[PDB]
Structure formats: structure tokens, C-alpha cells
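Residue-level listing of the chains:
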Amino acid sequence: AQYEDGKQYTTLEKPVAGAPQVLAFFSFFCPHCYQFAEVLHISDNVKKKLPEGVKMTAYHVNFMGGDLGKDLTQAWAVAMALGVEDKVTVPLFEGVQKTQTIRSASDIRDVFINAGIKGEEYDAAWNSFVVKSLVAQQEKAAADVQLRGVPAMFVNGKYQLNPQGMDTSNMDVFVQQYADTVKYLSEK
């Protein structure tokens, strides 16, 4: 008795086959997503508690931020294909919401260059078929879970995290409950 349907998580009435084990949706434009990444470190605490062999996957979404938003979804596809997610997450969140220095496709690419990805490697990745495929895959996954806002996280294409049923008086306690719920669900 400590993780309950309708409280810490909910059950998709419309389950999704072939979904990533643990699938997070976020936007670099989203203040809640910045809170999750930069203050709560949700993703990192989830990974710390996941059983062995369960992976976490994170997709960017487009319904925030207009054309930069779409650029950032493709830039995230680049990050996924070059395996540099953890080098650009922080400079992108801060670039968008904290200093607001990211305001065109060009400023996104600079974040990557300053994180070590050579400009020309970024460009090839940007125009590649694999990145195009990953942009469409992020979009297909969001439609498939009928995504209406971010942040959000889904386990085995069946369960949705419900932070609204979680204690938020203590940030550390919130983060452990959330991470413990993901771990619990990954084992259902």
C-alpha cells in the first residue's frame, strides 16, 4: 500500500503498444519543465531508481514556442542522434528561459558548438534522414499518448505520472515520490 491508481499515477484508457519503457515529454520553453530539469532534477532521480535494463527516453514537443519550438524539437533530435543530450540540456533550458539568449536556429547551434559538437557535425546531423525520422518519432509518440501538455511521463505505454496527486510541500519528498512511482510502475 503506497502507490495508487488515480493518486500518484493514472492508467491510459487507450494504451500504446511498442512504447519506450519510460517516456518523458518536455519543452525547453516550459517553466514546469525547467523546474523539473534544473531544480528538481526529476530525470536524474528517476534514472537512479530504475530497475536494471529499463531505460529512460525523453522527447521534445512542439506546441510551445512557435517556430523556435520546432527548431528545438529538431535540435533535440540532433542531441539524441549524437548522444549529447546531457551536454546541451542545461545550456538550452537556460538559453531559453533564464538569459533568453536563444531566439533563432543560429543560437541553438551555438549552444552545441560551445558544448563541443563541431559546427559541421551538427549541420550534417541537422539535415540527416535519421534526424528527420526522430522528429517524426517524437511527434508520433505525443499523438499516440494524446499529449495535451508537458511535462508528462508514461511507463510501458500504459500509465501516466500524476504529480498532482503528490506531496509538494517538500521538493526532496516530491522528487522521491515521483521517482519511486516510476520505479514501481516500470515493474508492473
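Residues numbered from 1 in each chain as written, not as in the entry; some residues may be left out. Heavy atoms only, no water.

Regarding how it was determined, this PDB entry cites X-ray crystallography in its header, along with a resolution of 2.3000 Å.

(A) Molecular detail of the overall build of the protein. A count of helical and extended segments in the protein gives 8 helices and 5 strands. The C-alpha atoms of the protein give a radius of gyration of 17 Å, which matches the 16 Å a tight globule of 188 residues would have. Expressed as lengths along the three principal axes of its C-alpha atoms, the size of the protein is roughly 55 × 35 × 30 Å. Expressed as a percentage of the 188 residues in the protein, the buried residues total 43%. Of all intrachain contacts in the protein linking residues separated by at least 6 positions in sequence, the fraction that spans at least 24 positions is 76%. Entry remark: accessible area of the protein is about 10,000 Å², with carbon and sulfur atoms responsible for 48%. (Helix = DSSP H or I, 4+ residues; strand = E, 2+ residues; numbered from the N terminus. Rg over C-alpha atoms; globule rule 2.2 N^0.38 Å. Buried < 20%, exposed > 50% of the residue type's maximum accessible area, 1.4 Å probe, protein only. Contact = heavy atoms within 4.5 Å. Areas by Shrake-Rupley, 256 points an atom, 1.4 Å probe, with all protein chains shown as cover.)

(B) The nonpolar core, seen in detail. Formed by 42 residues in total, the largest nonpolar core has its most connected members in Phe25, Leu92, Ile108, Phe112 and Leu147. Residue assignment for this core shows that the elements contributing at least two residues are β2 (22–26), α1 (31–39), α3 (66–82), α4 (85–98), α5 (105–114), α6 (119–126), α7 (129–144) and β4 (152–155). In terms of residue count, α3 provides more of this core than any other element does, 8 residues in total. Among residues more than four places away in sequence, those in contact with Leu147 are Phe25, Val61, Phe63, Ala142, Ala152 and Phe154. Residues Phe36, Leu50, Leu161 and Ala179 belong to the second largest nonpolar core, which totals 21 residues. (Core = buried A, V, L, I, M, F, W, Y, C linked by side-chain atoms within 4.5 Å.)

(C) Seen up close, the packing of α3 against α7. In contact at an axis separation of 9 Å, α3 and α7 are set at 115° when each is read in the N-to-C sense. Relative to α7, α3 is oriented so that their crossing is right-handed. Residue-level inspection shows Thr73, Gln74, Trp76, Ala77, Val78, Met80 and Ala81 of α3 in contact with α7, the latter providing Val130, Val131, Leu134, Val135 and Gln138. Looking at side-chain class alone, the contact of α3 with α7 contains 9 nonpolar, 3 polar and no charged residues. (Axes fitted to C-alpha atoms, helices over the stretch in contact; angles between N-to-C directions. Left-handed = near helix turned anticlockwise from the far one by under 90°. Nonpolar A, V, L, I, M, F, W, Y, C, P; charged D, E, K, R; others polar.)

(D) Expanded view of the environment of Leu92. By secondary structure assignment, the location of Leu92 is in helix α4. Measuring from C-alpha to C-alpha, the distance between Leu92 and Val111 comes to 7.0 Å, with 19 residues separating the pair along the chain.

(E) Expanded view of the packing of aromatic side chains. Tallied over the full model, the rule gives 16 aromatic pairs. Between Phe25 and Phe154, the aromatic rings sit 5.8 Å apart at their centres with planes inclined by 85°, giving edge-to-face as the arrangement. Of the two residues, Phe25 is situated in strand β2 and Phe154 in strand β4; the sequence distance between them amounts to 129 residues. Judged by its relative accessible area of 1%, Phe25 falls in the buried class. Take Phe154: its relative accessible area is 3%, and that puts it in the buried class. A centroid spacing of 5.6 Å and a plane angle of 85° characterise the contact between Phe36 and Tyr178, whose relative ring orientation is edge-to-face. Taken together, the residues span a long stretch of sequence, with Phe36 in helix α1 and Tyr178 in helix α8 (residues 171–186) at a distance of 142 residues. A relative accessible area of 14% places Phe36 in the buried class. Taken together, the aromatic side chains of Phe26, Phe28, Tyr34, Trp76 and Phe93 make up a single cluster linked through ring pairs. (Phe/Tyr/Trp six-rings, centres within 6.5 Å; stacked < 30°, edge-to-face > 60°.)

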